[PDB]
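Engineer: Before I ask anything, here's the sequence and the deposited coordinates:
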Amino acid sequence: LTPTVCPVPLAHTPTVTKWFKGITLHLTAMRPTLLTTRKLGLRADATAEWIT
Amino acid sequence: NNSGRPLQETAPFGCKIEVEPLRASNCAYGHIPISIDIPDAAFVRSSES
Amino acid sequence: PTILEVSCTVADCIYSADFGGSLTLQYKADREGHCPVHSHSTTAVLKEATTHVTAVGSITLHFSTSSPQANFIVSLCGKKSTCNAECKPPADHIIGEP
């Protein structure tokens, strides 16, 4: 077993609408794609979800 | 014989009547509330003007 | 190069993270050189660090604030000057800059 580079696909880049203290992500996917966020404050409150 | 006058000399607000799509083009009523998205390339910063 | 007859004034102010405000400024120095420009508040950071003075010239500056109004003093080359303002809320309420 040995290390080797390999290609992985880039997803479709999102579309953001900007409401007051808030983001909406108009996403798309055909296959399960991980999304993950976190704050930059003391409370990191991370999120993970495999949207389809 | 008793048809009366057409719409081209009775229509209010100065409308000219085109017949082939049956339009009432080029007349004036109300206000048109629009909004223009100015591109960010026609803006020089205030240190240069 | 010492300094005389300074009077700052504002033209427009937003309060944001980008440099929104822009103030003009008059100065009557006796000689020419490089004099430091600074605001002595803690809510107005000033972009231009230095400038080049002349006899009867004028300087346009840039700053950024978070206070809903600006009452702070700027400083050219040693002596202070005061000028009031009135800052407005911005429209783009998500931006990519801290």
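Structural biologist: That came through fine. Numbers count the residues shown, from 1 in each chain, chains lettered A, B, ... in the order given.
Engineer: Please tell me how far the residue in chain B that chain A sits nearest to sits from chain C.
Structural biologist: Residue nearest to chain A within chain B: residue B:37 (14.4 Å; C-beta to the nearest C-beta). Bear in mind the C-beta positions are built from the backbone N, C-alpha and C, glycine included. Going from residue B:37 to chain C by C-beta to the nearest C-beta, to the nearest Å gives 13 Å.
Engineer: repeat for residue B:21
Structural biologist: Taking C-beta to the nearest C-beta, one finds residue B:21 at 41 Å from chain C.
Engineer: For that residue, list the residues it contacts.
Structural biologist: Neighbour list for residue B:21: empty [criterion: C-beta atoms under 8 Å, 6 or more residues apart in numbering or on different chains].
Engineer: hmm, back to that, helix, strand or coil: sort out the residue of chain B closest to chain A for me.
Structural biologist: Secondary structure, DSSP: H, G, I helix; E, B strand; the rest coil: residue B:37 is coil.
Engineer: do residue C:74 as well
Structural biologist: strand.
Engineer: Name the residue of chain C that lies nearest to chain A.
Structural biologist: residue C:94 (4.2 Å).
Engineer: Tell me who's in contact with that residue.
Structural biologist: So residue C:94 contacts A:16, A:18, A:23 (C-beta under 8 Å, 6+ apart).
Engineer: And for residue C:54?
Structural biologist: For residue C:54, the contacting residues are C:29, C:32, by C-beta under 8 Å, 6+ apart.
Engineer: Can you say which helix or strand has residue A:23 in it?
Structural biologist: strand A:22-25 (DSSP states H and E).
Engineer: how distant is the helix or strand following that strand from the center of its chain?
Structural biologist: For strand A:22-25, the following helix or strand on the C-terminal side (DSSP H and E) is strand A:33-37. Computed by C-alpha atoms, centre = their mean, to the nearest Å, the chain-centroid distance of strand A:33-37 equals 3 Å.
Engineer: right, is strand A:33-37 up against chain C?
Structural biologist: No: using C-beta under 8 Å from any C-beta of the partner chain, strand A:33-37 stays clear of chain C, with a minimum separation of 14.0 Å.
Engineer: Correct me if wrong: residue C:31 contacts residue C:4.
Structural biologist: No: Residue C:31 lies out of contact with residue C:4 (C-beta atoms under 8 Å); the separation is 10.8 Å.
Engineer: So which residues make contact with the helix or strand where residue C:51 lies?
Structural biologist: Taking DSSP H and E as the definition, one finds residue C:51 inside strand C:50-52. Strand C:50-52 has contacts (C-beta under 8 Å, 6+ apart) with C:32-37, C:59, C:76.
Engineer: Many thanks, have a good one.
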